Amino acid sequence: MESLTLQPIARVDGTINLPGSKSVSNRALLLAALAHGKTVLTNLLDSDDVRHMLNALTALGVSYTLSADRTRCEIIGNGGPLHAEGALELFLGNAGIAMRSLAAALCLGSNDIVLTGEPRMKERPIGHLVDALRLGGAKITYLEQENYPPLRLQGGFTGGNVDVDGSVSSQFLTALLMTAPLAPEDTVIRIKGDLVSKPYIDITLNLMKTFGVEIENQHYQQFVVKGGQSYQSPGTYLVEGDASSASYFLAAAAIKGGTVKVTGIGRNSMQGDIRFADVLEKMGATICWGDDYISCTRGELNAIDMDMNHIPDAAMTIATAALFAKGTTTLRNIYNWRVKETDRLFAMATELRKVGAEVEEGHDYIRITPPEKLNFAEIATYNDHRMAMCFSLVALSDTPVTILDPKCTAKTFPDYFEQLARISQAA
């Protein structure tokens, strides 16, 4: 199969203008599609996950145009819930936010639509969301394994009292929050217990407000939504740079800088992953905050032991950065790594051991003890963009590393390797 071999990188230094945020991009596209008016999105991400959402919108009859580099999109709002019949199949690759958000949104009114995706997507849980949508009146059928896509949506979500489990994915709540305002009746969403990946809920509420809708958040335990609302185009909207994609570059500087500045995100960003910079600071790196940039300058790198539930994606970057840190690093409260693009706890532990680390794969945590020196390995990437990007950091040592299926980074960052190369210096 395909592979890419990265030669040792002596130093990293420079500036990266970040690709658009995948999380903001897919929420903005869906809200723009449901809204009244024309929305112009700029700095939109061009990647597999966004392409599947754009394809779904096209299939649902939404009109839009894209610039040559696919980062500017003019969307003609539908002025209300999207609709299609005939069990129209929407293929969503392995795009979780698209699958979860559309599963809820397409429950508005009547419809007959099937959502499916790649084999791994049929193994990613969605039962907590289906349970919630059904309490609200939706008719949903599992076409294969119970609690997983593919789903056949036949509409009927009207609102009411809806409980939702937030212990496995915040995306279920996010999906409900964006959908509920357009339901005819008022909705009270009650979180059953724990809520993971909480910062993503703030991204959702931020986007909803931009598109003209606010709800009552009662300490993230219950959300009160007024039905019969409408989303409104915000005119021109600037998609923030992706803070998760930025992690690789900031970590690279913490390990082998130099100073690396990423632009497109700053101290005012709505993304929880900018908090990744805080972790690098705690490990010993120096961080600079700007209005439209965050930079990291090499200092030292010490092992840390922390709960990473607030930055599950960027946390993977700390797992490979740990190979360069003094001491044993422990990342805790990250059980849902197991239900994402791949089981990330198993995958990360397996590949880290290949370059020499001693690793304890905990049920919901990972403990990493770096080797005195890294060795060469051919890294398996599990159709997971982040395994490829995280392990690219192994090359910031004296050993090269071979990354299998490097194009898997296209899920959220097609140009990843060229960008890492841009800040890679020989001197």
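Residue numbers run from 1 along the displayed sequence.
Averaged over Cα atoms, the B-factor as recorded in the entry is higher for 154-162 than for the other of 116-124 and 154-162. As the entry records it, the average C-alpha temperature factor is higher for 1-9, out of 1-9 and 416-424. Ranking 171, 333, 218, 342 by Cα temperature factor from the entry places 218 first. Residue-level inspection of the entry shows that, of 223, 248, 148, 276, 223 has the top Cα B-factor. For residue 72, the recorded CA B-factor ranks within the highest third of the chain. Only modelled residues enter the ranking. Placement of the Cα temperature factor of residue 395 within the chain: lowest third of the modelled residues, per the deposited record. Annotation for residue 62: CA B-factor lies in the highest third of the chain's modelled residues. Per the PDB record, residue ranking by Cα B-factor puts residue 306 in the highest third of the chain. When all modelled residues of the chain are sorted by CA temperature factor, residue 84 is found within the highest third.
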